[PDB]
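Engineer: Structure provided below as structure tokens; questions to follow.
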Amino acid sequence: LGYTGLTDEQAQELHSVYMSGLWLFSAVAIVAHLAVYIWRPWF
Amino acid sequence: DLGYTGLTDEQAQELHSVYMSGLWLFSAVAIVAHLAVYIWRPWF
Amino acid sequence: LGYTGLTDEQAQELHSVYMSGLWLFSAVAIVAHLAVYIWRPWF
Amino acid sequence: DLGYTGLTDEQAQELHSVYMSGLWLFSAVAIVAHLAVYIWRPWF
Amino acid sequence: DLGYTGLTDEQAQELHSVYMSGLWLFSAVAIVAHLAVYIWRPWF
Amino acid sequence: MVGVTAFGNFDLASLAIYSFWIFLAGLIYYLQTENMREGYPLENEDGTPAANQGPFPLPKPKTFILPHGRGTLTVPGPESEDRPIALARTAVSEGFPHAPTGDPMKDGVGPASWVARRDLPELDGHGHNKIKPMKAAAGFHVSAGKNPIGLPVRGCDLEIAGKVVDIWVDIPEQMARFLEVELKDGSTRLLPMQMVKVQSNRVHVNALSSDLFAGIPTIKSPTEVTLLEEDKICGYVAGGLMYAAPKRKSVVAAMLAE
Amino acid sequence: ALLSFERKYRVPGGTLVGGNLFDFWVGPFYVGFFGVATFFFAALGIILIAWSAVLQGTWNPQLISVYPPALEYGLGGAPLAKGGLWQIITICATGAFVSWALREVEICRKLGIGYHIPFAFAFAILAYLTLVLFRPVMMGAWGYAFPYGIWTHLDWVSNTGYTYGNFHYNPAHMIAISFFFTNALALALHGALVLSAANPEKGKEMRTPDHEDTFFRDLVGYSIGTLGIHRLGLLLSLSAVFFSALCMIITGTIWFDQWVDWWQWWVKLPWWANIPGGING
Amino acid sequence: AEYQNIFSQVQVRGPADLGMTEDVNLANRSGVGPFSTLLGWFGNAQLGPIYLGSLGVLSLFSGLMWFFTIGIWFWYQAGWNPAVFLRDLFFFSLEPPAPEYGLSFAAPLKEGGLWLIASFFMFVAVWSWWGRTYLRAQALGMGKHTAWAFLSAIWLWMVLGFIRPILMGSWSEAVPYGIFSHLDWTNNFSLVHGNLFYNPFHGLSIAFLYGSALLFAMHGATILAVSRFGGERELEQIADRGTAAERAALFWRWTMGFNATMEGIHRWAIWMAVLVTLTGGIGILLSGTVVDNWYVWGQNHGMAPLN
Amino acid sequence: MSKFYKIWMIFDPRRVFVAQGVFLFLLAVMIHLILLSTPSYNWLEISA
Amino acid sequence: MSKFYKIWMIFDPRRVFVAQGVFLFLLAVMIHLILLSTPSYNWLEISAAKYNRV
Amino acid sequence: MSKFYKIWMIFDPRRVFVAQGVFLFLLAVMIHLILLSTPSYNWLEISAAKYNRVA
Amino acid sequence: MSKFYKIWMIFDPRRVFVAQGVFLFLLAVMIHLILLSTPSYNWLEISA
Amino acid sequence: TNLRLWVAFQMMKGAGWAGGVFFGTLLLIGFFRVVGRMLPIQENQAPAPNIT
Amino acid sequence: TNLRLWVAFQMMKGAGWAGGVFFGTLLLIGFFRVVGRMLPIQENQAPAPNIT
Ligand code: BCL
Ligand SMILES: COC(C)(C)C/C=C/C(C)=C/C=C/C(C)=C/C=C/C(C)=C/C=C/C=C(C)/C=C/C=C(\C)CC/C=C(\C)CCC=C(C)C
Ligand SMILES: COC(C)(C)C/C=C/C(C)=C/C=C/C(C)=C/C=C/C(C)=C/C=C/C=C(C)/C=C/C=C(\C)CC/C=C(\C)CCC=C(C)C
Ligand SMILES: COC(C)(C)C/C=C/C(C)=C/C=C/C(C)=C/C=C/C(C)=C/C=C/C=C(C)/C=C/C=C(\C)CC/C=C(\C)CCC=C(C)C
Ligand SMILES: COC(C)(C)C/C=C/C(C)=C/C=C/C(C)=C/C=C/C(C)=C/C=C/C=C(C)/C=C/C=C(\C)CC/C=C(\C)CCC=C(C)C
Ligand SMILES: COC(C)(C)C/C=C/C(C)=C/C=C/C(C)=C/C=C/C(C)=C/C=C/C=C(C)/C=C/C=C(\C)CC/C=C(\C)CCC=C(C)C
Ligand SMILES: COC(C)(C)C/C=C/C(C)=C/C=C/C(C)=C/C=C/C(C)=C/C=C\C=C(C)\C=C\C=C(/C)CC/C=C(\C)CCC=C(C)C
Ligand SMILES: [Fe+2]
């Protein structure tokens, strides 16, 4: 199924870059939560 | 090599390198601006 | 890369003239901000 | 030499000198008017 | 056919029709303004 | 259920108002996608698909079965101009006007543009030609207003370029569509009724000048006009508003003249 | 960013001001001289609304209210915190609206279409200028205009409406309400009819304009026609706005008492003002 | 100062169009009426024919009896005086029963009992007419868009007179049959329910009622602007996109960034008007049954400055 | 600032001058009205 | 930073200067109106109270 | 995070830069107005009380 | 009055139009000042 | 063909159009001011529609 | 080349020159009015030089 038209190899490369963006975004967020939880824990 | 915009990989790399330099310059001014505010009036 | 049709040199000349205008505009702003800060500081 | 308006470089220089001369004349009269009002009613 | 200004008879007729049209338009607006004031403040 | 709140201030009225925002958001999405069955996908100023297509995806295609056995029309579908566009790029950067390479009124570009419609006359519900001349129309006659037939045709340059001969009538709607203006060369052109102003004694065509009347595209058959011929005629006359501004003697035209 | 057919219509000319100075497209939008004024007045108006929220001390978008100057200031300037901002926004709103209409005029000339759309929009602007400019000036106070709030400009409507009792009895209002109801009735009928003729029962052919006239002739015995209904749509909307502008410009300027009191003239006609029986006497 | 196509500058009068005959029983269809020159300036001049079937008859009989019953009560309120009848025509009213009777049919004939009879006739009249719109579309093989566009109107009409009174358990909540009375009923409705302006659904209906005027002014002007290209023939533009459809598309694309089609604009048209009454029915239905004061409801939902 | 003349090869001169005339007049109108708005600097009032 | 001239290889100068001209004048008008609104930095008000213009 | 340059193969540089310019300005304007609303961090009000401009 | 057009063969048209513009403006100024001179018809005073 | 006059003429052209539009707007505002003064607004005038 | 505009342009040309001269004269009168107000004339001012 090729609705988008890109190949699986292009899909793999896009996914690898996309997850790198996701893990970078998540990593900042985890550090962001750690600082806030230390400053003002919500539990 | 999806090439939706028609840029080649070399063009993308050069465009990104200039774009990141602009971003780091923008971030650098912001970090100084936040230091000035935090020194003058910390919010933590 | 070409979008606006300007050559590399034409962009460099265009940017240099533009930057000259930017610093001239910035200089008046810095003079204006000093004048206001002296007259009435906001810090 | 972008030529978006078709004017040669010489015509641009001549027109700009005309425009700047009027700008400084307009600036000078405005300065006099601001001096007159500040004498009449200062705003600082 | 005195020709003091050099305009032909046809040009005089065309110009006069233009001038009269503006005159009646100017007259009409003045009449409206006079009606408005006389309603607001009659002078008789 | 007066004042009955499930939680906080949220109640049955609050339930309904939020549920409508969801419905309205969904409805606006549905309406917008339907509007995307024509003119899409987007294209660059050269003719290639653009990198940007919009936040709303294209809808699933639907098929219109045309009347009178004209075929079917499935949209969204591959749409082509099917005519050479005589325009020249005025700037490499996009979002800038394209200037005509030659005479724009003859080249069918800008306000004088036209579309390659089907080169067939438009039919009524009974299969007959919708637009026919009043002479060939059965029983049709002028019922009210000034009859334009026989009146001189004055262009935007205040010069008479012919007289009206016949009126073309939309047979179902029973309203006039075209004026058949005979020129000085013996040929008759068609003028849309929307672009003429039948005055007391003359037909004033503000769109076209006297010299441009001869340039109106002609019809292949005197008894009927196809959709393609309508577009060329309607495009040409309406293109005259901007492309005959130098030839117009109006005061406002002079003020807005370049 | 161009439609499959947009290219052949993108040609210079038709501009009212600026020539080719601003004759370019930003994405799908055409800029023009008046679009630059449009964007500036739009952006400036929006920011001052946001800044007015700061001064008011609230951030809830529904509670944001740019009140006009109080009645004591009359038709003069006011402090920005207590009415002055509203005057600047109203000037920005007036500038944005008229620039938008004139920008549409440039697009009309570039496409060679009629100026019905900007003329239709100008009716809305004069309706807008009636409430914020024409009515307050006659009444001699900016405070009679309405605040720029989502739910506070409804308070203005309710308060102004109840100043004159039940506002329904405004005769110009009754005309405009009948037009607004008629226009929505026409739009639902017109929209539904074309869709019914264009999206018929499955398998059946797309219908023709004759079926549209046949349907409404079988329904109510009269079809106004494809040209007529769009003429009707334009005139119904403009008449509704024209009478709505009229209804307010006479309220508080020519009529001051309850609008129900106005209707007693018909009851007090000379030939039946004194006949016993009925509702009135 | 040119021809704006607002009024036809010439009229042509051919033979009367008898209309299509897909599945319409021509026996139930009447003959062609007169040709109105006054109507011809704006639209078509021909009046008729009109189809009259079973639901057409039921619609007319109930519609006439509804109209007749209001008229007889209007005469009784006038004392059978034609002069009084014309003097107090707008001030006449067929009021619903008193609040004491609730939903009971025990109201005296002159104290609300007659209104129940007149309301029944209107109820049958309108519902029979809705089926008539449905069946006329089905007969010609068209879509049921009118039938469901009408059902939006019925929803508000049902709510005001039938559904909301049942929930409130009183016929006194319904609408009186009169010109000024149903205006007074409207005003009294808001005042009792605490400034109906702060009804969220009433605000939405005004949005779509304003929008319907906005969209029809936009749409009507657009087609008249592109009528010089034969844009008024919208069905052919849907079938075969001419230059009018493209210019109409481009005008709004260059004006407000987005546009529609010749067929998709009418989807906006139908939904813009349908939501007028659709949101209206919910807005009235909630009032009293769920919210006894909208301004207090507005305060607790961050729509009013207090609380 | 020795190459600011080149801006006239970017923007057409006559178009800018008309637009600048509009801008300068409206700006002059803008400032004068603000001065009249303030109770002071209102020359039409303090004179009387 | 020395490669920032390439922004003109992407953006046409005509549209940018129009966009920039609007942006700066919009920004300048924005700040002046903010200062005027506040009781402090309303230089028209400051002089009036300083020089007893009331 | 090394192949992020390929975002320009997906996104048109012209549209993003306009979108980013609008985004950054509106984001910056939003944050400044948020600070001005609060009595603290409204530097305009802060300096007035610090140097006693109220009188 | 069917031959009043011939006055444009006596007096040059453009010269007269400029002079007439001066005359009309000054006459308009003349009348307005006289109205302001009278205690009534002085719109700048009766309003306040 | 004087360049100084040509530039000044263009700027005066724009200033005149802005002047006419602004003066025309004041004319409408003044007209409604006059009509409101003529009508008996001050004798009986409505209270404030919105909280000051 | 529009005759109606050409005639109106000439009359506007004359009206503008008369307008500038009249506005310039008012500027001088206003200037001396301002200077006299600034100077302490009202505090001590001379009696009438001529019999009223
Ligand atoms: C003081 C008065 C109150 C108020 C009280 C109400 C009340 C009460 C109601 C409305 C309703 C409406 N109000 Mg409100 N409203 C006020 C202020 C406003 C203002 C304003 C600027 O101030 C506006 C624009 C509106 C606007 C509107 C409409 C959006 C809405 C009605 C839609 C419609 O078409 O109904 C009219 C159409 C119908 C009722 C449908 C009729 C359909 C049937 C099928 C027709 C049958 C025909 C019959 C057989 C006759 C045939 C005759 C023959 C053909 C000859 N209101 C104030 C706050 N308003 C209604 C609503 O829905 O609110 C949510 C409503 O019930
Ligand atoms: C009211 O409720 C509250 C708000 C209180 C609580 C909230 C509840 C909810 C509903 C929370 C929901 C949370 C969710 C759904 C979070 C999801 C987060 C995700 C999935 C985030 C994803 C982030 C990913 C990022 C930022 C990725 C970035 C990618 C890049 C920078 C690289 C892009 C470039 C590429 C791919 C190059 C293309 C490659 C080729 C080969 C061409
Ligand atoms: C309401 O919530 C509050 C406001 C309280 C809290 C806010 C929360 C949120 C949601 C905050 C969000 C923050 C975000 C998303 C910040 C993101 C910032 C970013 C990513 C900024 C980007 C900056 C980049 C810049 C300035 C780049 C500049 C680049 C240049 C000037 C050079 C351009 C030239 C090029 C690329 C040359 C082209 C090359 C060739 C070869 C032609
Ligand atoms: C909430 O609001 C407040 C105010 C409280 C807070 C707001 C904060 C924010 C969002 C502030 C925003 C600040 C920013 C982003 C300001 C931007 C400043 C910049 C970048 C200004 C740029 C100025 C540049 C100028 C004036 C350039 C002038 C150039 C010329 C005059 C020469 C042009 C001519 C050329 C290039 C000719 C070349 C042609 C050839 C053929 C070579
Ligand atoms: C928020 O608003 C308030 C009022 C609170 C504060 C406002 C703030 C802002 C944002 C102010 C904005 C200021 C700006 C952007 C000012 C810009 C001024 C400029 C650059 C003006 C340029 C003027 C140039 C002129 C007038 C050039 C004229 C040239 C000629 C006429 C050609 C030369 C010919 C001559 C001299 C001969 C003329 C002929 C005769 C017969 C006299
Ligand atoms: C002692 O003074 C007091 C005040 C007490 C009493 C005064 C008494 C006296 C002596 C009064 C004297 C009155 C006189 C002599 C009045 C004379 C009036 C006349 C004959 C005026 C003629 C006006 C003619 C005009 C304005 C003609 C205009 C023509 C055109 C502009 C050309 C046509 C073009 C048109 C209409 C298009 C214009 C273009 C646009 C865009 C609007
Ligand atoms: C001389 O004139 C003659 C006598 C010849 C004829 C003239 C007649 C006249 C003057 C008629 C006037 C009619 C008027 C003024 C009609 C006005 C109607 C208005 C303004 C109505 C407005 C709203 C009405 C609504 C919303 C009604 C809704 C009704 C329903 C939803 C039906 C409810 C159904 C019920 C109660 C069924 C109850 C019965 C049973 C058996 C369960
Ligand atoms: Fe339509």
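Residues are referred to by chain and number: the chain letter is A, B, ... according to the order shown in the structure tokens, the number counts from 1 in that chain, and ligands are numbered separately from 1 in the order shown.
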Distance limit 6 Å, reference ligand 4, atoms considered: only C-alpha atoms and all ligand atoms. Which residues make the cut? Give them as a PyMOL selection string.
Structural biologist: (chain C and resi 13-14+17-18+21-22+25) or (chain D and resi 1-2) or (chain I and resi 4+6-7) or (chain J and resi 31) or (chain K and resi 25+28-29+32-33)
Engineer: Any chance you could export the current selection's C-alpha atoms as a compact mmCIF listing (two decimals), in the first residue's frame?
Structural biologist:
# COMPACT_ATOMS: atom_id res chain seq x y z
CA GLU C 13 25.62 43.42 -2.49
CA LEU C 14 21.92 43.39 -1.59
CA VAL C 17 23.25 47.53 1.61
CA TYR C 18 20.46 46.05 3.72
CA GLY C 21 20.45 50.24 6.67
CA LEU C 22 19.88 47.90 9.61
CA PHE C 25 18.37 52.05 12.05
CA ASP D 1 21.74 45.69 -11.63
CA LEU D 2 18.59 43.85 -10.57
CA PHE I 4 20.57 53.57 -0.56
CA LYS I 6 19.62 51.40 -5.30
CA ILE I 7 16.27 51.10 -3.52
CA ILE J 31 5.18 50.27 21.58
CA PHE K 25 6.83 37.38 16.49
CA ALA K 28 7.33 36.88 21.48
CA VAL K 29 4.43 39.35 21.61
CA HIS K 32 5.66 40.07 26.66
CA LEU K 33 1.94 40.71 27.13
Engineer: For ligand 7, list the contacting residues at 6 Å or closer, counting only C-alpha atoms and all ligand atoms, as a short mmCIF file (atom, residue, chain, number, x, y, z; two decimals) with N, CA and C atoms, in the first residue's frame.
Structural biologist:
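Now in selection13.cif:
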data_model
loop_
_atom_site.label_atom_id
_atom_site.label_comp_id
_atom_site.auth_asym_id
_atom_site.auth_seq_id
_atom_site.Cartn_x
_atom_site.Cartn_y
_atom_site.Cartn_z
N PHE H 67 -55.46 28.53 9.22
CA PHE H 67 -55.65 29.94 8.91
C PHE H 67 -57.06 30.39 9.23
N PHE H 68 -58.05 29.53 8.97
CA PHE H 68 -59.43 29.90 9.22
C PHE H 68 -59.72 30.00 10.72
N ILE H 70 -57.72 30.72 13.23
CA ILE H 70 -57.17 31.96 13.75
C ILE H 70 -58.04 33.14 13.33
N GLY H 71 -58.56 33.10 12.10
CA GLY H 71 -59.38 34.20 11.62
C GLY H 71 -60.70 34.32 12.35
N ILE H 72 -61.35 33.19 12.65
CA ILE H 72 -62.62 33.23 13.36
C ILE H 72 -62.41 33.76 14.77
N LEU H 116 -55.53 24.96 20.89
CA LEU H 116 -55.17 23.56 20.67
C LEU H 116 -55.71 23.05 19.35
N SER H 119 -53.67 24.82 16.63
CA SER H 119 -52.32 24.28 16.62
C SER H 119 -52.28 22.90 15.98
N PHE H 120 -53.30 22.08 16.23
CA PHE H 120 -53.36 20.77 15.59
C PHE H 120 -53.39 20.90 14.07
N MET H 122 -52.22 23.38 12.22
CA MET H 122 -50.90 23.77 11.75
C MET H 122 -49.93 22.60 11.80
N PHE H 123 -49.99 21.81 12.87
CA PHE H 123 -49.11 20.65 13.00
C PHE H 123 -49.27 19.71 11.81
N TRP H 157 -39.46 24.81 14.81
CA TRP H 157 -40.90 24.99 14.88
C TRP H 157 -41.54 23.99 15.83
N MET H 158 -41.09 22.74 15.81
CA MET H 158 -41.58 21.75 16.76
C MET H 158 -41.20 22.13 18.19
N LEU H 160 -40.53 25.12 19.59
CA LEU H 160 -41.20 26.29 20.14
C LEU H 160 -42.63 25.97 20.57
N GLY H 161 -43.34 25.20 19.76
CA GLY H 161 -44.76 25.01 19.98
C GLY H 161 -45.14 23.69 20.60
N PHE H 162 -44.36 22.64 20.38
CA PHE H 162 -44.76 21.30 20.81
C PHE H 162 -43.81 20.70 21.83
N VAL H 175 -46.41 29.28 21.78
CA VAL H 175 -46.40 30.56 21.08
C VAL H 175 -47.83 30.95 20.74
N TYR H 177 -50.78 32.76 18.51
CA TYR H 177 -50.97 32.99 17.08
C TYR H 177 -51.37 34.44 16.86
N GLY H 178 -50.38 35.30 16.71
CA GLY H 178 -50.65 36.69 16.44
C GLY H 178 -49.38 37.39 16.00
N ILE H 179 -49.57 38.56 15.41
CA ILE H 179 -48.44 39.31 14.88
C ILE H 179 -47.64 39.88 16.05
N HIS H 182 -46.80 37.04 19.24
CA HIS H 182 -45.64 36.17 19.14
C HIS H 182 -44.34 36.97 19.14
#
Engineer: Once chain M has been least-squares superposed onto chain N, matching all their Cα atoms in order, can you return it as a short mmCIF file (atom, residue, chain, number, x, y, z; two decimals) with C-alpha atoms, in the first residue's frame?
Structural biologist:
data_model
loop_
_atom_site.label_atom_id
_atom_site.label_comp_id
_atom_site.auth_asym_id
_atom_site.auth_seq_id
_atom_site.Cartn_x
_atom_site.Cartn_y
_atom_site.Cartn_z
CA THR M 1 -6.08 63.72 -22.05
CA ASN M 2 -9.43 64.31 -20.33
CA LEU M 3 -11.00 67.73 -20.75
CA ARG M 4 -13.09 67.54 -17.57
CA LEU M 5 -10.03 66.72 -15.47
CA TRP M 6 -7.91 69.34 -17.25
CA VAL M 7 -10.33 72.15 -16.43
CA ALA M 8 -10.80 70.90 -12.87
CA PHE M 9 -7.03 70.61 -12.46
CA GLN M 10 -6.55 74.26 -13.47
CA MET M 11 -9.23 75.50 -11.08
CA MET M 12 -7.81 73.30 -8.32
CA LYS M 13 -4.38 74.73 -9.18
CA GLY M 14 -5.62 78.27 -8.60
CA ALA M 15 -7.58 77.30 -5.50
CA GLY M 16 -4.48 75.61 -4.09
CA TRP M 17 -2.30 78.68 -4.58
CA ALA M 18 -4.96 80.89 -3.00
CA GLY M 19 -5.27 78.29 -0.25
CA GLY M 20 -1.55 78.20 0.47
CA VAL M 21 -1.29 81.99 0.54
CA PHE M 22 -4.30 82.26 2.85
CA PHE M 23 -3.05 79.42 5.06
CA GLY M 24 0.42 80.98 5.13
CA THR M 25 -1.06 84.31 6.21
CA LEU M 26 -3.00 82.60 9.00
CA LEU M 27 0.26 80.96 10.07
CA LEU M 28 1.88 84.37 10.57
CA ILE M 29 -1.19 85.67 12.40
CA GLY M 30 -1.25 82.56 14.57
CA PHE M 31 2.48 82.86 15.25
CA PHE M 32 2.13 86.42 16.54
CA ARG M 33 -0.95 85.38 18.52
CA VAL M 34 1.08 82.65 20.22
CA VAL M 35 4.03 84.96 20.94
CA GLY M 36 1.75 87.63 22.38
CA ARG M 37 0.08 85.04 24.60
CA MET M 38 3.49 83.80 25.77
CA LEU M 39 4.71 87.30 26.58
CA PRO M 40 3.21 89.00 29.67
CA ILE M 41 0.86 91.24 27.69
CA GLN M 42 -2.29 90.48 29.69
CA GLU M 43 -0.56 91.13 33.02
CA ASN M 44 0.25 94.70 31.97
CA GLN M 45 -1.26 96.05 28.75
CA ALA M 46 -1.54 99.56 27.38
CA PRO M 47 -4.84 101.49 27.31
CA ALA M 48 -6.72 102.17 24.09
CA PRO M 49 -4.59 104.36 21.78
CA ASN M 50 -7.63 105.71 19.92
CA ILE M 51 -11.13 106.63 21.05
CA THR M 52 -13.32 103.57 20.61
#
Engineer: Produce as a PyMOL selection string the set of residues near ligand 5, where near means within 8 Å with only C-alpha atoms and all ligand atoms considered.
Structural biologist: (chain D and resi 18-27) or (chain I and resi 20-21+24+27+30-32+34) or (chain J and resi 25-33+36) or (chain M and resi 3-9+11)
Engineer: Where in stretch 51-217 of chain F does DSSP assign helix (DSSP H, G or I), given as a ChimeraX atom specification?
Structural biologist: /F:67-69,104-107,110-112,193-195,210-215
Engineer: Let me see the file: selected residues, C-alpha atoms, as a PDB file, in the first residue's frame.
Structural biologist:
ATOM      1  CA  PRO F  67     -27.189  14.793 -18.674  1.00  0.00           C
ATOM      2  CA  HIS F  68     -28.073  13.870 -22.253  1.00  0.00           C
ATOM      3  CA  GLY F  69     -25.385  11.193 -22.461  1.00  0.00           C
ATOM      4  CA  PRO F 104      -3.691  39.654 -24.219  1.00  0.00           C
ATOM      5  CA  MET F 105      -7.219  39.985 -25.620  1.00  0.00           C
ATOM      6  CA  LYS F 106      -6.341  37.816 -28.618  1.00  0.00           C
ATOM      7  CA  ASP F 107      -4.204  35.440 -26.541  1.00  0.00           C
ATOM      8  CA  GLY F 110      -5.776  37.775 -17.892  1.00  0.00           C
ATOM      9  CA  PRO F 111      -9.262  39.270 -17.717  1.00  0.00           C
ATOM     10  CA  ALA F 112      -9.781  38.127 -21.324  1.00  0.00           C
ATOM     11  CA  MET F 193     -26.588  41.009 -22.378  1.00  0.00           C
ATOM     12  CA  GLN F 194     -24.783  41.564 -19.069  1.00  0.00           C
ATOM     13  CA  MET F 195     -22.064  43.684 -20.714  1.00  0.00           C
ATOM     14  CA  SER F 210     -15.415  50.640 -31.718  1.00  0.00           C
ATOM     15  CA  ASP F 211     -12.261  49.206 -33.298  1.00  0.00           C
ATOM     16  CA  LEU F 212     -12.330  46.205 -30.934  1.00  0.00           C
ATOM     17  CA  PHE F 213     -15.849  45.164 -31.979  1.00  0.00           C
ATOM     18  CA  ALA F 214     -14.466  43.379 -35.044  1.00  0.00           C
ATOM     19  CA  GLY F 215     -12.146  41.337 -32.818  1.00  0.00           C
TER      20      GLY F 215
END
Engineer: Superposition of chain L onto chain I by least squares over all sequentially paired C-alpha atoms; the transformed chain is requested as a PDB file with C-alpha atoms, in the first residue's frame.
Structural biologist:
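Heads up, here's the output in selection11.pdb:
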ATOM      1  CA  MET L   1      24.332  54.501   3.414  1.00  0.00           C
ATOM      2  CA  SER L   2      26.163  55.194   0.158  1.00  0.00           C
ATOM      3  CA  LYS L   3      24.056  52.664  -1.794  1.00  0.00           C
ATOM      4  CA  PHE L   4      20.568  53.575  -0.563  1.00  0.00           C
ATOM      5  CA  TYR L   5      19.920  54.980  -4.045  1.00  0.00           C
ATOM      6  CA  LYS L   6      19.622  51.396  -5.296  1.00  0.00           C
ATOM      7  CA  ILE L   7      16.265  51.095  -3.521  1.00  0.00           C
ATOM      8  CA  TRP L   8      14.825  53.027  -6.474  1.00  0.00           C
ATOM      9  CA  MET L   9      15.808  50.113  -8.706  1.00  0.00           C
ATOM     10  CA  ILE L  10      13.730  47.912  -6.381  1.00  0.00           C
ATOM     11  CA  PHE L  11      10.636  50.083  -5.894  1.00  0.00           C
ATOM     12  CA  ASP L  12       9.233  52.279  -8.641  1.00  0.00           C
ATOM     13  CA  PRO L  13       9.910  55.919  -7.671  1.00  0.00           C
ATOM     14  CA  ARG L  14       6.638  57.630  -8.586  1.00  0.00           C
ATOM     15  CA  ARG L  15       4.583  54.920  -6.879  1.00  0.00           C
ATOM     16  CA  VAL L  16       6.571  55.315  -3.652  1.00  0.00           C
ATOM     17  CA  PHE L  17       6.325  59.110  -3.681  1.00  0.00           C
ATOM     18  CA  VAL L  18       2.529  58.973  -3.927  1.00  0.00           C
ATOM     19  CA  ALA L  19       2.391  56.358  -1.170  1.00  0.00           C
ATOM     20  CA  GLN L  20       4.840  58.343   0.959  1.00  0.00           C
ATOM     21  CA  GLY L  21       2.682  61.438   0.555  1.00  0.00           C
ATOM     22  CA  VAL L  22      -0.280  59.451   1.866  1.00  0.00           C
ATOM     23  CA  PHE L  23       1.816  58.054   4.714  1.00  0.00           C
ATOM     24  CA  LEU L  24       3.217  61.433   5.764  1.00  0.00           C
ATOM     25  CA  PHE L  25      -0.173  63.166   5.712  1.00  0.00           C
ATOM     26  CA  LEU L  26      -1.904  60.400   7.666  1.00  0.00           C
ATOM     27  CA  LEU L  27       0.959  60.274  10.165  1.00  0.00           C
ATOM     28  CA  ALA L  28       0.725  64.048  10.574  1.00  0.00           C
ATOM     29  CA  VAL L  29      -3.028  63.689  11.100  1.00  0.00           C
ATOM     30  CA  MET L  30      -2.419  60.832  13.540  1.00  0.00           C
ATOM     31  CA  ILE L  31      -0.105  62.796  15.831  1.00  0.00           C
ATOM     32  CA  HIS L  32      -2.176  65.988  15.801  1.00  0.00           C
ATOM     33  CA  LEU L  33      -5.330  64.146  16.890  1.00  0.00           C
ATOM     34  CA  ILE L  34      -3.495  62.460  19.778  1.00  0.00           C
ATOM     35  CA  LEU L  35      -2.321  65.874  20.972  1.00  0.00           C
ATOM     36  CA  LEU L  36      -5.895  67.176  20.796  1.00  0.00           C
ATOM     37  CA  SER L  37      -7.017  64.113  22.766  1.00  0.00           C
ATOM     38  CA  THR L  38      -4.853  65.032  25.756  1.00  0.00           C
ATOM     39  CA  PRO L  39      -6.292  67.790  27.984  1.00  0.00           C
ATOM     40  CA  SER L  40      -2.971  69.595  27.611  1.00  0.00           C
ATOM     41  CA  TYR L  41      -1.320  70.291  24.247  1.00  0.00           C
ATOM     42  CA  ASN L  42      -4.860  70.931  22.961  1.00  0.00           C
ATOM     43  CA  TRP L  43      -4.222  74.306  21.353  1.00  0.00           C
ATOM     44  CA  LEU L  44      -7.861  74.748  20.320  1.00  0.00           C
ATOM     45  CA  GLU L  45      -8.902  74.761  24.005  1.00  0.00           C
ATOM     46  CA  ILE L  46      -6.105  76.373  26.031  1.00  0.00           C
ATOM     47  CA  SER L  47      -6.354  79.493  23.856  1.00  0.00           C
ATOM     48  CA  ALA L  48      -9.990  79.934  24.906  1.00  0.00           C
TER      49      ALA L  48
END
Engineer: With only C-alpha atoms and all ligand atoms counted and 12 Å as the cut-off, give the residues of chain F in contact with ligand 6, each with its shortest interatomic distance in Å and the pair that gives it, as a Markdown table.
Structural biologist:
| residue | atom | partner | partner_atom_place_in_ligand_line | distance |
| --- | --- | --- | --- | --- |
| F:250 | CA | ligand 6 | 37 (C) | 10.8 |
| F:251 | CA | ligand 6 | 37 (C) | 7.6 |
| F:252 | CA | ligand 6 | 41 (C) | 7.7 |
| F:253 | CA | ligand 6 | 41 (C) | 11.0 |
| F:254 | CA | ligand 6 | 41 (C) | 9.9 |
| F:255 | CA | ligand 6 | 41 (C) | 7.8 |
| F:256 | CA | ligand 6 | 41 (C) | 11.0 |
